[PDB]
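**Q** model this:
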Amino acid sequence: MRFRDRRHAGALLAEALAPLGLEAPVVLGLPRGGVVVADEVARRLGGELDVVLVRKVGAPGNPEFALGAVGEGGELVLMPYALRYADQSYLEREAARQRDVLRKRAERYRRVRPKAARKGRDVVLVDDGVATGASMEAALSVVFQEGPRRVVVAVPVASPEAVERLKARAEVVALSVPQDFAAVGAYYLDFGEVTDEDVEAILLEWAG
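**A** Numbers count the residues shown, from 1 in each chain. Sharing the structure here:
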């Protein structure tokens, strides 16, 4: 496909989601470009926009392989096989390093918009694209432990591989899944930078 920009993809995504019957959904966008797509979706579906703040906890010597994830609240969420690939002390060391990467950014975002409730509500996870699904999987791991009524992964474009990984864990809504997936930015005419200040500006509109 080929979107003009992130707002354009967000509009089309909201339209693909409308038939699902979500009720006043909490639309969570992955930082940073994903927040733009998420905001447009939230506005079109009459939902509430917020950001999902998480980090993947990778395996020893193999960071690309996830053994769990840590959320902005500090909680460590491990996959069923984590201990089969590493000992608890390593997991604790890795978790601490990931908390550091997330801390300052989470503090500034939360200063302008407090974490919206997710328990018992319909939750939509959004990003402007998914090449491998690493971050999205971490997001799912944390969100699932929060007791949401329903979880839907929604993305403008995704690689076949990413879709399979995510679809194995949740309902997935993807507008395009090119068999020859290049890079996320290749499917946007305007793939400009979205700064932390831009994310803060968006988040401010949703605070009380």
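**Q** now the element after whichever strand in the chain runs longest, going C-ward?
**A** With secondary structure taken from DSSP state E, the chain has its longest strand at strand 62-71. Going down the chain from strand 62-71, the next helix or strand is strand 76-78, by DSSP states H and E.
**Q** ok now the helix or strand following that following strand, how far from the chain's centre?
**A** Per DSSP H and E, the first helix or strand lying C-terminal to strand 76-78 is helix 82-85. How far helix 82-85 lies from its chain's middle: 25 Å, per Cα atoms, centre = their mean, to the nearest Å.
**Q** before we move on, the earlier item: report the strands that pair with the longest strand of the chain, each with its relative direction.
**A** Its sheet considered, strand 62-71 pairs with strand 54-59 (antiparallel), strand 76-78 (antiparallel) by DSSP bridges.
**Q** helices along the chain, start to end?
**A** Secondary structure of the chain (DSSP state H): helices at 6-17, 33-45, 82-85, 88-112, 134-144, 160-167, 196-204.
**Q** hmm, who's touching the longest strand of the chain?
**A** In this structure, residues lying in contact with strand 62-71 by Cβ atoms under 8 Å, 6 or more residues apart in numbering are 53-59, 76-79, 81-82, 85-86, 91, 94-95, 98-99, 102, 132, 134, 137-139, 141-142, 145. From N, CA and C alone the C-beta is placed, and that goes for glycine too.
**Q** switch to 6 Å and redo it
**A** Strand 62-71 is contacted by residues 54-57, 59, 76-79, 82, 85, 95, 98-99, 138, 141-142 when judged by Cβ atoms under 6 Å, 6 or more residues apart in numbering.
**Q** tilt between that strand and helix 134-144?
**A** Per axes from the mean of the first three to the mean of the last three Cα atoms, to 10 degrees, the angle that strand 62-71 makes with helix 134-144 is 30 degrees.
**Q** just to revisit the earlier point, let's have the helices of the chain in a markdown table, adding mean neighbour count and distance to residue 64.
**A** What follows is the helices of the chain, written out as a markdown table (neighbours: other Cβ atoms under 10 Å; distance: least, Cβ to Cβ, whole Å):
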| stretch | mean neighbour count | distance to residue 64 |
| --- | --- | --- |
| helix 6-17 | 20 | 26 |
| helix 33-45 | 24 | 20 |
| helix 82-85 | 14 | 13 |
| helix 88-112 | 15 | 13 |
| helix 134-144 | 22 | 7 |
| helix 160-167 | 17 | 12 |
| helix 196-204 | 16 | 25 |
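**Q** quick one: closest of these to residue 125.
**A** Closest approach to residue 125 among the helices of the chain (Cβ to Cβ): helix 134-144, 5.5 Å.
**Q** just give the closest residue to the residue nearest the centre of the chain, not the sequence neighbours.
**A** The residue lying closest to the centre of the chain (Cα atoms, centre = their mean) is residue 30, at 3.8 Å. For residue 30, ignoring the flanking residues on the chain, the nearest one in space by Cβ to Cβ, 6 or more residues apart in numbering is residue 127 at 4.3 Å.
**Q** fine by me, we can end here.
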